[PDB]
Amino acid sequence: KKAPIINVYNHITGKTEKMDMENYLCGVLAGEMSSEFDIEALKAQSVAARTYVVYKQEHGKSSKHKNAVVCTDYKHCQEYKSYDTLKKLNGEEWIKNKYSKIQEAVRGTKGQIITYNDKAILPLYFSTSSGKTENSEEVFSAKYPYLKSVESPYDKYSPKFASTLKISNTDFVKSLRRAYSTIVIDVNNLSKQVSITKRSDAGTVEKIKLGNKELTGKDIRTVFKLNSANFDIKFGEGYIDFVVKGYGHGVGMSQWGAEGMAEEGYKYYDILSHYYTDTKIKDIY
């Protein structure tokens, strides 16, 4: 068959528009992964992005956009940069010499999706892991046979592998009180009141105690704008330091891991079968 025409919801304008699968996917790669990544990582990424649309088509419509299979909000579906936007911000030379690589990666995987028992998977992906990916159930609510923790030994080379953020004790309590009106916490005794309660083997903080409150690592990531929910806290004199590992949710495919694998000679099928446990590739058209 031919490549489908899909409905894409523009989260800024509120208008839904028809797009050829290929054009949509090029916009997703431009937004998710740079044209500087290896072609095999870009191919892996294109298959994941295509699979996401197919999965969405085969499952329940969302309330955010019931009349569109996907939207342009990276917080809900996946990133998307339009051609006009890319041309205006990067220029014609970038379109002809760099965006062409993105176009070739997408065309190069025409109609290919990742499958588990012959059905499109939920192909979660993120920037950089802590060295191991996360099982879906330690981050999200459900377990999926293809979203299992795997080693990701090349993520250590990512510029987002490690990060640190210093916050004054005063700003730390002020920020928490603003987000949680019931919190009882003392600016002068933070090291005695704040402690990690539950975390996965990969490292995502599931439960953290802050005075009388229990929050998730994701809650903390959100309040303090951290790169991930995998962190540790150092208590200083008058301040705390968040020491953060990786970037993103940690489930499914690591983008920097795919890049590292590509550099080592792995091809996109092997990258995909590594991150998505017991999966195959299917050409639907």
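Position 1 is the first residue in the sequence shown; the rest follow in order.
*Asks:* Per the entry, where is the mean C-alpha temperature factor higher: 18-26 or 266-274?
*Replies:* Comparing 18-26 with 266-274, the higher mean C-alpha B-factor belongs to 18-26.
*Asks:* So 92-100 or 165-173, which one's hotter by mean CA B-factor in the entry?
*Replies:* On average, C-alpha B-factors are higher across 92-100.
*Asks:* Among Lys148, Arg178, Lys198, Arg107, single out the one with the highest C-alpha B factor in the record, please.
*Replies:* Highest CA B-factor of the listed options: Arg178.
*Asks:* Which listed residue, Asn230, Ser46, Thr222, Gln57, has the largest C-alpha temperature factor in the record?
*Replies:* So the option with the highest C-alpha B-factor is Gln57.
*Asks:* Would you check the entry's CA temperature factor for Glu214 and let me know if it's in the chain's lowest, middle or highest third?
*Replies:* For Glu214, the deposited C-alpha B-factor lands in the middle third.
*Asks:* By its CA B factor, does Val251 count among the lowest, middle or highest third of the modelled residues in the chain?
*Replies:* For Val251, whose C-alpha B-factor we compare with every modelled residue in the chain, the answer is the lowest third.
*Asks:* Where does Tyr116 sit by CA temperature factor within its chain: lowest, middle or highest third?
*Replies:* Its C-alpha B-factor, which the entry lists for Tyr116, ranks in the middle third among residues of this chain.
*Asks:* Among the modelled residues of its chain, does the C-alpha B-factor of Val187 lie in the lowest, middle or highest third?
*Replies:* Highest third of the chain for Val187's C-alpha B-factor.
*Asks:* Is the Cα B-factor recorded for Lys66 in the lowest, middle or highest third of its chain?
*Replies:* Answer is highest: the recorded C-alpha B-factor places it there.
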